[PDB]
Amino acid sequence: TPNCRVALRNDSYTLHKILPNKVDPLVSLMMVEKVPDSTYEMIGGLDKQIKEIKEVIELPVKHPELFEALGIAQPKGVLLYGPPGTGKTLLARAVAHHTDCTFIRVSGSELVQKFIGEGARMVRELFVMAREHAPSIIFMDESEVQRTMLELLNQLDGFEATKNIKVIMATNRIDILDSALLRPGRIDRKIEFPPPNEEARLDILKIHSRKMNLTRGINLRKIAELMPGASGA
Amino acid sequence: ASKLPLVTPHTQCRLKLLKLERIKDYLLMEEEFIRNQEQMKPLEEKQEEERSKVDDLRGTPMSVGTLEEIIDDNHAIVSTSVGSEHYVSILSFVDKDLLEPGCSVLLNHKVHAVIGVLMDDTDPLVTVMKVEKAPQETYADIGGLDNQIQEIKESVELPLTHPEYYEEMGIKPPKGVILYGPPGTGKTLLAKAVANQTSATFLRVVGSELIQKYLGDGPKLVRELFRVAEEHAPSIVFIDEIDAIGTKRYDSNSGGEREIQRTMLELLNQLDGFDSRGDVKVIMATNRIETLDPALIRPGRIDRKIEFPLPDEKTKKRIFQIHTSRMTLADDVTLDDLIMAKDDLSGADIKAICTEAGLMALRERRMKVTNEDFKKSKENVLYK
Amino acid sequence: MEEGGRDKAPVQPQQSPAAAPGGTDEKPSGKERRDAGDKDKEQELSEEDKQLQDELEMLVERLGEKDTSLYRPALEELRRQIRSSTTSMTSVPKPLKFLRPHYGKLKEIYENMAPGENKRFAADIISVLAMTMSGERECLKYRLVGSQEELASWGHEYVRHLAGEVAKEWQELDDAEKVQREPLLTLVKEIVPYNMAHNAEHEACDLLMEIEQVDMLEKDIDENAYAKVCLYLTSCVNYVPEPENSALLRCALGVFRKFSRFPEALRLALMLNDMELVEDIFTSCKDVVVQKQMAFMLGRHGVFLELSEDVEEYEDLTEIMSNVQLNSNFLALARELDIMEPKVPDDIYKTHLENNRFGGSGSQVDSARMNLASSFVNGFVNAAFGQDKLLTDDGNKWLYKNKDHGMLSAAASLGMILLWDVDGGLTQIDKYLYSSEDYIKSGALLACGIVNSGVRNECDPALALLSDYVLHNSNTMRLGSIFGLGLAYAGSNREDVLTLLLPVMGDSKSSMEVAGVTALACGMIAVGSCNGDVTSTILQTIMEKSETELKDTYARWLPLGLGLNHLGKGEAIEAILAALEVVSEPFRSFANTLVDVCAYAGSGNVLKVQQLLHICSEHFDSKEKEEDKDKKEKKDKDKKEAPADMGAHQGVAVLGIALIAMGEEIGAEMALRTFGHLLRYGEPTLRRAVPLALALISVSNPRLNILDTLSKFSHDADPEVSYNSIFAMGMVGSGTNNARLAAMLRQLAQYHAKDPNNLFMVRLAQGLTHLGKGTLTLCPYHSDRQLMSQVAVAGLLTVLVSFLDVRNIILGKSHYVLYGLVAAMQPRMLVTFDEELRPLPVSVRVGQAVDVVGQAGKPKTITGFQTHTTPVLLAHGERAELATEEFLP
Amino acid sequence: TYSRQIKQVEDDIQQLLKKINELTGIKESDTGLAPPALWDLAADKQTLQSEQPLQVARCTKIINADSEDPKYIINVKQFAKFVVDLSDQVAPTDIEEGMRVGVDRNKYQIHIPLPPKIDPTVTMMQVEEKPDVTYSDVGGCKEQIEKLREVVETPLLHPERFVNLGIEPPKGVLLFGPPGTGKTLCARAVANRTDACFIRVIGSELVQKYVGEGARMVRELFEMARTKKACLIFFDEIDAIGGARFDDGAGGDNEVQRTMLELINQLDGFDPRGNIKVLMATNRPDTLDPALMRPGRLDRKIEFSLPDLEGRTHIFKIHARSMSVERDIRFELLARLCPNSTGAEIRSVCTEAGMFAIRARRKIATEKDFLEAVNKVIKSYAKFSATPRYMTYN
Ligand SMILES: Nc1ncnc2c1ncn2[C@@H]1O[C@H](COP(=O)(O)OP(=O)(O)OP(=O)(O)O)[C@@H](O)[C@H]1O
Ligand SMILES: Nc1ncnc2c1ncn2[C@@H]1O[C@H](COP(=O)(O)OP(=O)(O)OP(=O)(O)O)[C@@H](O)[C@H]1O
Ligand SMILES: Nc1ncnc2c1ncn2[C@@H]1O[C@H](COP(=O)(O)OP(=O)(O)O)[C@@H](O)[C@H]1O
Ligand SMILES: [Mg+2]
Ligand SMILES: [Mg+2]
């Protein structure tokens, strides 16, 4: 295989034996960042947003034929918004986890940089690893991100032909992001994350208290009413 | 291989019969002459004996080095992989034509003498900027412009497909093309139709990604962009959103506005330098046309200036016909109520309504799109 | 598959010809009226060329083929009406009734009797009826008859007239590009007796059209650019009267029956030179036709225009002789001094500049043979009135310093400086003639023949160089006096001074290098008659070369004048005359190949080219006939300059594979001089393949052999970017590639391309392709470089001033009587049209537009506009009269 | 008639070419090998002659010599420094200090001196090749050409009219005006006609990434230029390489000014450049530095103004001499319709009006085809116009 280790003799430099499988640079990139791997079973009270995020990302992989029956273009970009600490990251991590996607997040760092390329004069060199793990998902945190997303959305607008690549941006305060990103054909669906109410502060406590050693008789309902909607964090 | 380029009778003439029967004689006489070499001087196989003589000359360890100069009497200064460079000699089976300074070579292990050259594994930025396949549907997908669709073929397509019309006029085709208008009227959309049609290599770069973080790295990227464009073919360079080089300031760029300027001076060279340009067409697109430098928009660098208007209310009806072509449209709807909903809705607004109305159908597992889908579509798309 | 239903034709012509044996006997009406129903209905359903799937022509012969074999032969009482219904119906599908052995049995249906007026049912249809079959008649049937039984029965007699109207039928129906199919009809019919078919089709072409001449006209010369010798004999003399009998365009007579001059009969073009002086209307074509008769493809015409009308129409001759030559001096006088040229450019020696800092210091090269090359900072740059006054001080101070052969060389440089001159060229010599030296006067008086080259007026028929010659008891006075007059009178065919210089051959004086260039002098004069020259040459050859086995001074000089004496005829009689003449030992049979292929300059006779290789291919030849096999390859160097690019690609594909790749002595020593003979054009196919074997010097051989390929790879004229290939080799040629024998040579390479900026057309193709020899002045030098010993002593007579037939450069000249017009010109890459749509696009590089005396260039066809109509000569030839007419508003 | 018969006899002989050329050896499409019938010179002899007697001769750099003895101090890339000796084959003359030499791997002794390092980004900016622009294309500005041409080439083509009169002619010249006026075009005509080395520099190539990196490229330019006898340096768009020294507060644009000071030092003072002639060309000269505008560096100050009227009429005759036109059109009417127009616009008028002839059907333009191109180029693209904020050079 290309990019595979070998053994090698030294007197004549003859090939000896295949030495296995070192790492993918995409694997070492996610190993640096260490996203907190999540699932649907640790989601507290976000039932309507899970239905919205599946219609855009989950469905055009398992059933790409289902949009040809409607004859509309399949969506590409998702914007998530709300106050910080309300679960933007864990929802995006879960959706990639439950339909077998390579969850790639870019932050524009420089320890990351040595695995993408030597200089990477663009950001678009990220796609060479991304179209190799073809059903992948690009994720971006909270103005360098807003220029990074415009460069990606112009590539996957018709110029990129390899399908099943989607981008997800998470930020707060949508009234200050760029007007070029607020062109109505640009972002396919925007999803608001409210702070949780009394019914939704309860089950986040319920899921988190699974790994504590509890005493019988607690009445968590009284506890969740003491917090007047801080966040899910 | 390139034995005879003459085909011009193109019939059953004796001349096509005579020419190829002359070439029949030159071939067999060349055959029978070189047949007599191994008959009277066998002396080797020549299929592998001279080959294995070379293969036993060059060692099994083959180190890869790097040229940096050439002295013509078969010895040149080459760089090792460490940094300590040598003054080795060059062989005769080395085909001394593909030797540029910086080209990867093959050295000896013992005396490091120049054995062979190596094909380059290029590049992780050429393949970034080179559009591989044709993007999308044809010019029939656009609809409604019909005046500037003629204009772009006039400057790009017709110079390439019919190189006769300009010669009979004795003229050179117009050089540069810029596309400007309000946002979302189809500037990027028309460039996809050119990339559909053409046979030239098509290069695309956003204007935002011209700006860099190191000093002097910006103008270096422009010099190697037009290097790539010239070294292939007749080609098309598409630069999108070039107002973004000047409007937004980013703190990643170390130099301030007086590094943006030095980048623009290099681009201002590459369009109308004094070097022999070649066959490279340039297409540019923006929506803030009043912001950028008029020294770059002078005739000589950009010749044609194409304005895009907002869609008219009889051309809007054409656009609804296009984006609702292959969808199972229920007969509840009337498209004319949707036309004058916003007085100045772009072409991008129409596709944003048509896709989002289809998404409302899949929430209820339906197959056709009703009227109240579009009623709650424009509430979702427009008004927020 | 929708079969059935409408099957009328697979049923009723399946019934009625099947009932035709049932309705021939005892049914007299159905034998004819159903046959008349079978003749017209098969005729009517076949005429449209849109339904080629006829409903009978591929349907009736499933049984009708077995019917017709019992209908036509087995009836045996065929009448006079029922054969016009049989053979008009049964001879139509027979190219498709029969398979590929049709060719022996077209006549078992047709030659029973040709029914009437066979084109009556071949009117609307182009070639499906019988014009494909008429091609099948002349293909195989007429060829077996007309091989040794041309004068024969019905297979020739009506076949002439059957090929009469059918050849008229191609120019009858549509007048499409099927007009050029008639040269496919006239030539396949009676290939060698082409004139018996052409005389039937010359007079028919005379009444054919006056617009449908010109594309068939170029179609014939497309077939006449190469042919078999008897075909090239026949089709070119049939080519002549079509601009005379049908058309009277009549101005392409002179240059394009130089095509017909040497092969057919040397009197025949002289009978066409008679056709010049008959059509005396009036002056404009009359001036331009005889412009070329002096110094463009031959001379020797100045004795046929002193008739009784010597006023101006026959006083053109002296104006043809030297005055338009003086207008070709007025080229360099007024027009070339205005564009660029100063009196001393001199600075290609200054272009040898930056090696003093390229790697340290300089002031090192102090070779005295460099000063031989330093003669050409003067000598090469000063052509076309580059006259020098005290700028020859590099030639003045080296005249009186050393190098006796350079006293010859600096004095012979002055002939190139005042070139094409009669006015003051003699006067410039005399200020440096008087030195009382064998080497100064003999070099200066040899240059006196250079100055008047092409003048041939009274300068010295027996005056100056005969007085030089009769001084002889010694060195180059004996030698350098016969070279100049044979140069100056090379275009002459005068008998007298050839017999002044015939006892030079018959002296038997043992100065051998004089006798070697003696045959080289007289061979330049005549190419035809005077077999007593051939007697005079071979007698001293038997008297000297037989009683010795020594150097190529015999071999490079003495037989070379014989091939010039019999140049340019593919008759293969001169091979019988000269090769049987010196039947001898094989080193005197070196000249077996000399006079053989010098008669075979440009044609297609590739049966010569196989016997140019297969006799002595390699044979490994341990140092015996390597001069011969180099000379056998030397005669492969012609036959490739003018098949019009057809063998030029086929020669570069062979020699780079054959000789320099996988040969022993022919490739490594000599096989590069083809490229010094194939082209001085300049194209990177061979221009990049030669320094692969040059910059790799291969110093193990006699390394001046590769350095022989150094200077004469710079042999290409028309200066280019090739200074890069030479000065970089001139950089490594300073230390290495030693200056002790090559400092003359690397700059002789360098100063050669830029001789001046202009005056480079020495490449033997005029009009479009005719010869203009040319070859007689050049071929002695390429034979001379075999190999060594003349780079110092003997070849300096040749290596300076060998080729001097530079018929200079341009075609931008008006020559309307006042000389006031400039032009309206437009130069282009060469034309590509053979047969295309009407109007045919000539050429494709329209981006250049000029009006005045500008350059020629390598592949250039130049046309005009402005409705000047350019009505003079229309073909090419660089001195159009340029009349005008404007009847187009 | 012989439809297949010419075809398959064509096809097999086109195959019989390839079927035996595979039996000669051009094949095995390589990864860096030669034509096999070309390397036969080093096939047996120089294979064992250029390899086995000849050695590697690792190349070095010399620090200095010392008195009384050879005893040369040498230096290599990263390894140590030695004390070395010559061979016999070379004299001790051309082993001057600060010189690259080749050195064997065992005894460490000097074989041959080497040419110095050229720093190959300076190597690419030598032009090597000439454009096709003649002074006949620069019509309209004849007096500006003549005042230019007497500085660049007449001391080089005739270095005797100036010496015997006793004057040292000027050395530098800048060319400045509005854009599209003909500045870069007129410089191409100089490189067409000249003969010396013509080293071009675009001012946006000296901005580098490190500190003081750009000032070294200015030296290596003038190092190789002093080696040549005559040379012609061309600077284009030098408003990038330096405007003025204005340093305030945080030191900004400090790095480019050190490159601009090194360029000033190579032009004047202390054993000067000699026979090197420079030629700048800017777009807005008001930004440039007063110490750079000083004569002795930038003596001539050729202005490229807009053409008056007869300048414009001559430009139409250049860009429309080679196009199919109606005979009876007048250009003098056209030049009155373009009052302040550059030469670049007049070319675009001529190239646009030919397209109108290609729009419908026809083969030659008319007078009204020009007038339909005038109001589109001049009066409809007038929103941009590029000139009126550059006449004031701001
Ligand atoms: N006239 C039109 N005809 C057909 N489709 C259109 C038209 N105008 C816009 N669209 C749709 O709008 C989408 C976006 O168009 P496009 O991005 O090319 O406009 P733009 O002006 O280039 O946008 P921007 O100004 O943001 O670059 C396209 O996918 C296209 O489908
Ligand atoms: N006097 C003139 N005659 C003919 N053409 C001209 C003239 N002046 C300018 N041009 C045209 O202008 C173009 C070259 O302009 P040039 O590059 O010299 O502009 P400039 O003066 O250098 O300004 P910039 O630096 O912005 O390019 C050429 O296409 C040329 O045809
Ligand atoms: N709805 C939720 N249910 C469970 N845990 C949550 C929820 N929202 C936030 N968290 C907690 O917040 C952390 C994730 O941070 P997150 O809120 O995703 O960042 P962001 O502010 O980008 O959304 C996790 O440790 C998780 O335990
Ligand atoms: Mg767009
Ligand atoms: Mg410019």
# chains A, B, ... in the order shown; residues from 1 in each chain; ligands from 1
$ residues_around --residues "range 311-319 of chain D" --least-positions-apart "2" --cutoff "8 Å" --atoms "only C-alpha atoms" --output "PDB file with C-alpha atoms, in the first residue's frame"
ATOM      1  CA  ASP D 137       3.942  50.585 -31.955  1.00  0.00           C
ATOM      2  CA  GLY D 139       3.187  56.126 -31.735  1.00  0.00           C
ATOM      3  CA  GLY D 140       1.866  59.375 -30.323  1.00  0.00           C
ATOM      4  CA  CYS D 141       4.765  60.066 -27.950  1.00  0.00           C
ATOM      5  CA  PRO D 307      -2.227  62.343 -26.259  1.00  0.00           C
ATOM      6  CA  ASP D 308      -3.315  65.725 -27.544  1.00  0.00           C
ATOM      7  CA  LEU D 309      -5.099  65.191 -30.845  1.00  0.00           C
ATOM      8  CA  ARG D 321      -3.974  48.998 -39.640  1.00  0.00           C
ATOM      9  CA  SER D 322      -4.501  45.238 -39.738  1.00  0.00           C
ATOM     10  CA  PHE D 331     -10.185  58.553 -37.985  1.00  0.00           C
ATOM     11  CA  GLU D 332      -9.904  62.281 -37.314  1.00  0.00           C
ATOM     12  CA  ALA D 335     -10.154  61.284 -32.127  1.00  0.00           C
ATOM     13  CA  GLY D 343      -3.890  54.650 -25.522  1.00  0.00           C
ATOM     14  CA  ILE D 346      -8.254  53.386 -28.101  1.00  0.00           C
ATOM     15  CA  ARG D 347      -7.126  49.802 -28.588  1.00  0.00           C
ATOM     16  CA  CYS D 350     -10.907  49.056 -32.168  1.00  0.00           C
TER      17      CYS D 350
END
$ residues_around --residues "residue 18 in chain A" --least-positions-apart "5" --cutoff "10 Å" --atoms "only C-alpha atoms" --output "PyMOL selection string"
chain A and resi 1+4-8
$ select_by_dssp --residues "range 66-267 of chain B" --states "strand (DSSP E)" --output "ChimeraX atom specification"
/B:66-67,78-79,85-86,104-106,116-117,176-180,201-206,235-240
$ write_last_selection --atoms "N, CA, C and O atoms" --output "CSV table (one decimal), in the first residue's frame"
chain,number,residue,atom,x,y,z
B,66,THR,N,19.0,16.5,-5.3
B,66,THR,CA,18.3,17.6,-5.9
B,66,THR,C,19.3,18.5,-6.6
B,66,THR,O,20.4,18.8,-6.1
B,67,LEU,N,19.0,18.8,-7.9
B,67,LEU,CA,19.9,19.7,-8.6
B,67,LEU,C,19.8,21.1,-8.1
B,67,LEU,O,18.8,21.5,-7.5
B,78,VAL,N,25.2,18.9,-7.2
B,78,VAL,CA,23.9,18.4,-6.7
B,78,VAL,C,23.9,18.4,-5.2
B,78,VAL,O,24.9,18.3,-4.5
B,79,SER,N,22.7,18.6,-4.7
B,79,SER,CA,22.5,18.6,-3.2
B,79,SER,C,22.1,17.2,-2.7
B,79,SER,O,21.2,16.6,-3.3
B,85,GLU,N,26.5,19.2,-0.1
B,85,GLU,CA,26.3,19.1,-1.6
B,85,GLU,C,27.6,18.7,-2.2
B,85,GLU,O,28.7,19.1,-1.8
B,86,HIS,N,27.5,18.0,-3.3
B,86,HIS,CA,28.6,17.4,-4.0
B,86,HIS,C,28.8,17.9,-5.4
B,86,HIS,O,28.0,18.8,-5.9
B,104,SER,N,14.1,16.7,-9.0
B,104,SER,CA,14.5,15.5,-8.3
B,104,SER,C,15.3,14.6,-9.2
B,104,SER,O,14.9,14.3,-10.3
B,105,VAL,N,16.4,14.1,-8.7
B,105,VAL,CA,17.3,13.2,-9.5
B,105,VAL,C,17.6,11.9,-8.8
B,105,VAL,O,17.2,11.8,-7.6
B,106,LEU,N,18.3,11.0,-9.4
B,106,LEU,CA,18.7,9.8,-8.8
B,106,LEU,C,20.2,9.7,-8.8
B,106,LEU,O,20.9,9.9,-9.9
B,116,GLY,N,19.9,9.0,-12.9
B,116,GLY,CA,18.7,9.2,-13.6
B,116,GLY,C,17.9,10.4,-13.0
B,116,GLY,O,18.3,10.9,-11.9
B,117,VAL,N,16.9,10.8,-13.7
B,117,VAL,CA,16.0,11.8,-13.2
B,117,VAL,C,14.7,11.1,-12.7
B,117,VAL,O,14.5,10.0,-13.0
B,176,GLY,N,-10.3,40.6,-20.7
B,176,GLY,CA,-10.8,40.4,-19.4
B,176,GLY,C,-12.3,40.6,-19.3
B,176,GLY,O,-12.9,41.4,-20.1
B,177,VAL,N,-12.9,39.9,-18.4
B,177,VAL,CA,-14.4,39.9,-18.2
B,177,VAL,C,-14.6,40.0,-16.7
B,177,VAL,O,-14.1,39.2,-15.9
B,178,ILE,N,-15.5,41.0,-16.3
B,178,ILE,CA,-15.9,41.1,-14.9
B,178,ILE,C,-17.4,41.1,-14.8
B,178,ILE,O,-18.1,41.5,-15.7
B,179,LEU,N,-17.9,40.5,-13.7
B,179,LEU,CA,-19.3,40.3,-13.5
B,179,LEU,C,-19.7,40.9,-12.2
B,179,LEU,O,-19.2,40.6,-11.2
B,180,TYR,N,-20.6,41.9,-12.3
B,180,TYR,CA,-21.0,42.6,-11.1
B,180,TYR,C,-22.5,42.8,-11.0
B,180,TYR,O,-23.2,42.9,-12.0
B,201,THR,N,-8.8,23.9,-19.4
B,201,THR,CA,-8.7,23.6,-18.0
B,201,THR,C,-9.2,24.8,-17.2
B,201,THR,O,-8.9,26.0,-17.6
B,202,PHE,N,-9.9,24.6,-16.1
B,202,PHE,CA,-10.6,25.6,-15.4
B,202,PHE,C,-10.1,25.7,-14.0
B,202,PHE,O,-10.2,24.8,-13.2
B,203,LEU,N,-9.6,26.9,-13.6
B,203,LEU,CA,-9.0,27.2,-12.3
B,203,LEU,C,-9.9,28.2,-11.6
B,203,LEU,O,-10.3,29.2,-12.1
B,204,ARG,N,-10.1,27.9,-10.3
B,204,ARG,CA,-11.0,28.7,-9.5
B,204,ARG,C,-10.3,29.0,-8.2
B,204,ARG,O,-9.8,28.2,-7.5
B,205,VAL,N,-10.4,30.3,-7.8
B,205,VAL,CA,-9.9,30.7,-6.5
B,205,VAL,C,-10.9,31.8,-6.0
B,205,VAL,O,-11.3,32.7,-6.7
B,206,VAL,N,-11.2,31.7,-4.7
B,206,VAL,CA,-11.9,32.8,-4.0
B,206,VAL,C,-11.0,33.9,-3.7
B,206,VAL,O,-9.8,33.8,-3.5
B,235,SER,N,-6.5,28.1,-21.0
B,235,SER,CA,-7.1,27.9,-19.6
B,235,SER,C,-7.9,29.1,-19.2
B,235,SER,O,-7.8,30.1,-19.8
B,236,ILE,N,-8.7,28.9,-18.2
B,236,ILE,CA,-9.6,29.9,-17.7
B,236,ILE,C,-9.4,30.0,-16.2
B,236,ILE,O,-9.4,29.0,-15.5
B,237,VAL,N,-9.1,31.2,-15.8
B,237,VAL,CA,-8.9,31.6,-14.4
B,237,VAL,C,-10.1,32.3,-13.9
B,237,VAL,O,-10.4,33.4,-14.4
B,238,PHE,N,-10.8,31.8,-12.9
B,238,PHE,CA,-12.0,32.4,-12.3
B,238,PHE,C,-11.7,32.8,-10.9
B,238,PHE,O,-11.3,32.0,-10.0
B,239,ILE,N,-11.8,34.1,-10.7
B,239,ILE,CA,-11.6,34.7,-9.3
B,239,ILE,C,-12.9,35.2,-8.8
B,239,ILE,O,-13.5,36.2,-9.4
B,240,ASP,N,-13.3,34.6,-7.7
B,240,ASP,CA,-14.7,35.0,-7.2
B,240,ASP,C,-14.5,35.8,-5.9
B,240,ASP,O,-13.6,35.5,-5.1
$ residues_near_ligand --ligand "ligand 3" --cutoff "9 Å" --atoms "only C-alpha atoms and all ligand atoms" --output "PyMOL selection string"
chain A and resi 36+38+42-46+81-93+141-142+170-172+193+195-196+200-201+203-205+207-208+231-233
$ interface_residues --of "chain B" --to "chain C" --cutoff "8 Å" --atoms "only C-alpha atoms" --output "MDAnalysis selection string"
chainID B and resid 3:4 8:9 13:15 19 22:23 25:26 29:30 33:34 36:37 40 72:73 167:168 170:171
$ residues_around --residues "residue 98 in chain A" --least-positions-apart "6" --cutoff "10 Å" --atoms "only C-alpha atoms" --output "PyMOL selection string"
chain A and resi 38-40+58
$ write_last_selection --atoms "N, CA, C and O atoms" --output "PDB file, in the first residue's frame"
ATOM      1  N   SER A  38     -20.173  11.342  22.200  1.00  0.00           N
ATOM      2  CA  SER A  38     -21.518  11.416  22.747  1.00  0.00           C
ATOM      3  C   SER A  38     -22.441  10.460  22.005  1.00  0.00           C
ATOM      4  O   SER A  38     -22.016   9.710  21.126  1.00  0.00           O
ATOM      5  N   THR A  39     -23.722  10.518  22.356  1.00  0.00           N
ATOM      6  CA  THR A  39     -24.741   9.628  21.816  1.00  0.00           C
ATOM      7  C   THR A  39     -26.106  10.237  22.098  1.00  0.00           C
ATOM      8  O   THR A  39     -26.218  11.275  22.752  1.00  0.00           O
ATOM      9  N   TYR A  40     -27.158   9.580  21.607  1.00  0.00           N
ATOM     10  CA  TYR A  40     -28.490  10.101  21.879  1.00  0.00           C
ATOM     11  C   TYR A  40     -28.920   9.865  23.312  1.00  0.00           C
ATOM     12  O   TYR A  40     -29.775  10.595  23.817  1.00  0.00           O
ATOM     13  N   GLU A  58     -29.093  13.088   8.469  1.00  0.00           N
ATOM     14  CA  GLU A  58     -29.293  11.645   8.569  1.00  0.00           C
ATOM     15  C   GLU A  58     -29.930  11.081   7.311  1.00  0.00           C
ATOM     16  O   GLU A  58     -29.445  10.093   6.750  1.00  0.00           O
TER      17      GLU A  58
END
$ select_by_dssp --residues "range 22-219 of chain B" --states "helix (DSSP H, G or I)" --output "JSON, numbers by chain"
{"B": [22, 23, 24, 25, 26, 27, 28, 29, 30, 31, 32, 33, 34, 35, 36, 37, 38, 39, 40, 49, 50, 51, 52, 53, 54, 55, 56, 57, 126, 127, 128, 129, 139, 140, 141, 148, 149, 150, 151, 152, 153, 154, 155, 156, 157, 158, 159, 160, 161, 187, 188, 189, 190, 191, 192, 193, 194, 195, 196, 197, 208, 209, 210, 217, 218, 219]}
$ residues_near_ligand --ligand "ligand 1" --cutoff "8 Å" --atoms "only C-alpha atoms and all ligand atoms" --output "PyMOL selection string"
(chain A and resi 157+180+183+185-186) or (chain B and resi 141-145+180-191+240-241+285-287+311+315+319+322-323+346-351)
$ residues_around --residues "range 881-888 of chain C" --least-positions-apart "2" --cutoff "7 Å" --atoms "only C-alpha atoms" --output "PDB file with C-alpha atoms, in the first residue's frame"
ATOM      1  CA  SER C 284       3.411  43.301 -67.971  1.00  0.00           C
ATOM      2  CA  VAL C 288       7.651  39.166 -65.297  1.00  0.00           C
ATOM      3  CA  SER C 814       6.233  46.673 -56.540  1.00  0.00           C
ATOM      4  CA  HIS C 815       8.063  47.292 -59.855  1.00  0.00           C
ATOM      5  CA  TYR C 816       5.214  49.221 -61.381  1.00  0.00           C
ATOM      6  CA  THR C 867      -8.916  45.178 -54.971  1.00  0.00           C
ATOM      7  CA  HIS C 868      -5.516  45.516 -56.575  1.00  0.00           C
ATOM      8  CA  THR C 869      -6.367  42.080 -58.134  1.00  0.00           C
ATOM      9  CA  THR C 870      -2.587  41.225 -58.403  1.00  0.00           C
ATOM     10  CA  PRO C 871      -3.225  39.933 -61.931  1.00  0.00           C
ATOM     11  CA  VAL C 872       0.378  39.316 -62.983  1.00  0.00           C
ATOM     12  CA  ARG C 879       8.914  40.451 -58.637  1.00  0.00           C
TER      13      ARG C 879
END
$ residues_near_ligand --ligand "ligand 5" --cutoff "12 Å" --atoms "only C-alpha atoms and all ligand atoms" --output "PyMOL selection string"
(chain B and resi 265-275+295-296+298-301) or (chain D and resi 175-188+202+235-238+280-284+304+344)
$ interface_residues --of "chain D" --to "chain C" --cutoff "7 Å" --atoms "only C-alpha atoms" --output "tab-separated table (two decimals) with N, CA and C atoms, in the first residue's frame"
chain	number	residue	atom	x	y	z
D	1	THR	N	-13.70	3.61	-55.42
D	1	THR	CA	-14.07	2.21	-55.65
D	1	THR	C	-13.35	1.27	-54.70
D	37	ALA	N	19.37	4.00	-27.90
D	37	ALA	CA	20.37	4.05	-28.95
D	37	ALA	C	21.12	5.37	-28.95
D	38	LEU	N	21.19	6.00	-27.79
D	38	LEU	CA	21.83	7.30	-27.67
D	38	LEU	C	22.95	7.31	-26.64
D	41	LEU	N	27.92	5.85	-26.26
D	41	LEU	CA	29.26	6.39	-26.08
D	41	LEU	C	29.82	5.96	-24.73
D	115	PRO	N	32.39	28.48	-9.76
D	115	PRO	CA	31.63	29.72	-9.82
D	115	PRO	C	30.82	29.92	-8.55
D	227	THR	N	29.47	42.08	-12.82
D	227	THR	CA	30.29	41.16	-13.60
D	227	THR	C	30.11	41.42	-15.09
D	228	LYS	N	28.90	41.75	-15.51
D	228	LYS	CA	28.67	42.00	-16.92
D	228	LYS	C	29.26	43.34	-17.31
D	322	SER	N	-4.46	46.63	-39.34
D	322	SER	CA	-4.50	45.24	-39.74
D	322	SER	C	-5.87	44.64	-39.49
